[PDB]
Each structure stands twice: as C-alpha cells, then as structure tokens.
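Asker: Before we start, here is the structure in question, set down as structure tokens.
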Amino acid sequence: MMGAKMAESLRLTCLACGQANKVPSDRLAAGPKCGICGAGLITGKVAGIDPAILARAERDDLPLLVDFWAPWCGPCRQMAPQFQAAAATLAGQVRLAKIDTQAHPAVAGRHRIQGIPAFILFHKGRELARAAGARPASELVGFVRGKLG
Amino acid sequence: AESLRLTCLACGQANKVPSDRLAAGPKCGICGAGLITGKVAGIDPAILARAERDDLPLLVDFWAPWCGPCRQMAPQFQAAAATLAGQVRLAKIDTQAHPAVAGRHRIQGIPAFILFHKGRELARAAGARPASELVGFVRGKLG
Ligand SMILES: [Zn+2]
Ligand SMILES: [Zn+2]
Ligand SMILES: [Zn+2]
C-alpha cells in the first residue's frame, strides 16, 4: 500500500500524430514531447493540422486557438506571420494551429466558418469564442486572454 | 471523505487514494496507469484476486470472445464504465484465455457480472443487457 500519484496534468493532443498525451501542469515550460512520435507538445509555434487532429485537439485541457485560412485569400496570407507572433507570445498558455479550408473542404461546414481568416478558441471540447478578419498579433492575444479570463 | 485502497488494474500494486479526489485522475505510483479511468480494463486472475478486496466497488464482466452475446455486450459494458466512472470500476476477464477463473467464481452462463466491494460479493447477474439496465442494477445494489 503506497500513495497514488495525485499531480494534476493536462490532456494534450499531439498535433503531429494525434496521440492523447498527459502533461504535468508544472511542466508546461519544460518542452514536453509526444510519447509516440517525439514531436514537441508545447512549442510556441503554429502547426498546420488536418481535420482528424483538429477534432481530437478541440477536446484538450490546454486552450487551442485555430486559424481557419486558405492560401488564395490575401488577408489570410498576410495574417500568417501575425498568427506566428501571437503563438510565441501565448506559448504555454494557448496552443496555436492552422487548417487550410481549401485543402480540407469539410471543416468549414463543421465549424460554420464564414469570413476568413477565422480564429476559433477551443477548450475541453467547447468553443469559447471566435473572431474573423486579419488583425495585429497583439490584438488577437488580447482577445484570447480576455476570453480565458 | 476517507482514503481508499485501489488495486492498480495494470500492475497489481495497492494504491491509496483520497475518496474526495477520485475525479483527479490519480495514477499508480508504481507503473503509472490511471486508477480511475472510466474505461474497461481486461485483467488477469492475479490482478482480479487483489482487486476484489478494494475500497471502491469493482464490477467484473466474465466473458469469452466465442460467445455472441458477450461480443454484443462489450460496447454496452464500455458505456456502463463511462457512466459509472468514479463510483464503480469496471474490468473484464476472458474465461477462455483464463480457463479456471469461471469455475473459481461459480460462473455458469456468460456474460456474467459480479459486483465486489472490500472482499465481499455484493451482487451477481448473468446474461447480456443494455448499459442503462446494468448501471441501474449496480446503483441499486450500492444503496
Ligand atoms: Zn505525436
Ligand atoms: Zn500500476
Ligand atoms: Zn474472486
């Protein structure tokens, strides 16, 4: 009879292979890696993900912010570097990902995507908020932090 | 609120868990397996022997893959496990793979369910049923 391990952890989907991983709440800054494919789970970077990974990632214990974008759209192209800067800023608090709605045509209907770039904030399988239209990194960070508060 | 002895259904190790934190995803301090998963663990006779004695009720599906009603019952037993998460832990044991366990539990027909708590048999049922019915039965035996 020994004590059980009671340290809180967060369910994170690996954005590279889709594996459900558990990360100690105190190791968010330790560069944890997926136990299956080795990909960093909290990189502060933007992963381009597919519809299967997206459906899994929406259910995570750490908030997920997704840029629904398409390369033919000028504002989406301009937004890409802004979204990368937001990711660096939000590293450890929110994970950022993007999904090309031209490459993956069924995702738009599933999330009632309207104008693009569209940003949806997910947490534990719920959509917390959304915004659409290109904007500076800091404005998006502010919007996100406001919704998490 | 009290502390509960739970058998790790993976490693067999006796773990102590506060009763108020059963939803906190406690892990076996040896092997690291989640102790309260809300899922069905396929266990062996050694682990079963220990887990019968736990402070949280344990419901065991005695099954075999050759049995059509058992195959049908499997996803119903998984549904029951989700519903009962934190109240009752669910496990199954393959009586074909482990051919002595059924005799040792006076099991005839399968699927058969035995509800254990602190080394006592609380209840027994035999034959496939919907998840809602099994959950209802088990909850009734616990109050
Ligand atoms: Zn991975
Ligand atoms: Zn263990
Ligand atoms: Zn027994």
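What is reported rests on the model, the rules as stated and the sources as named; these are not laboratory values. Cβ placement follows ideal geometry from the backbone for every residue including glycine, while neighbour counts extend to all protein chains displayed.
Asker: Among the residues of the range A:16-36 satisfying the criterion of being assigned to a loop (DSSP other than H, G, I, E, B) and of a type in the set (G, A, S), which is surrounded by the most Cβ atoms within 10 Å (Cβ to Cβ)?
Answerer: Ranking the qualifying residues of the range A:16-36, first place goes to A:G18.
Asker: Scan A:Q114, A:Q93 and give me the residue that is within 19 Å of A:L10 (Cα to Cα), surrounded by fewer than 18 Cβ atoms within 10 Å (Cβ to Cβ) and not assigned by CATH to the domain that holds A:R11.
Answerer: None of the other options fit; the residue is A:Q93.
Asker: Since A:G48 meets every condition but one in (1) in contact with a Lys or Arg (Cβ under 7 Å, 6 or more places away or on another chain); (2) over 30 Å from B:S3 (Cβ atoms); (3) in contact (Cβ under 8 Å) with a residue 60 or more places away in the chain, which condition does it not meet?
Answerer: (3)
Asker: Something else now. Of the residues that make up the range B:70-85, is at least one within 16 Å of ligand 2 (Cβ to nearest atom), small (G, A, S) and exposed (fewer than 15 other Cβ atoms within 10 Å of the Cβ)?
Answerer: Looking for residues that are within 16 Å of ligand 2 (Cβ to nearest atom), small (G, A, S) and exposed (fewer than 15 other Cβ atoms within 10 Å of the Cβ), one finds none in the range B:70-85, hence no.
Asker: Looking at the structure I just gave you, is B:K39 farther than 17 Å from B:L115 by Cα, surrounded by fewer than 19 Cβ atoms within 10 Å (Cβ to Cβ) and within 13 Å of chain A (Cβ to nearest Cβ)?
Answerer: no
Asker: What number of residues within the range B:1-15 are within 10 Å of another protein chain (Cβ to nearest Cβ) and in a loop (DSSP other than H, G, I, E, B)?
Answerer: Residues meeting the conditions: 2.
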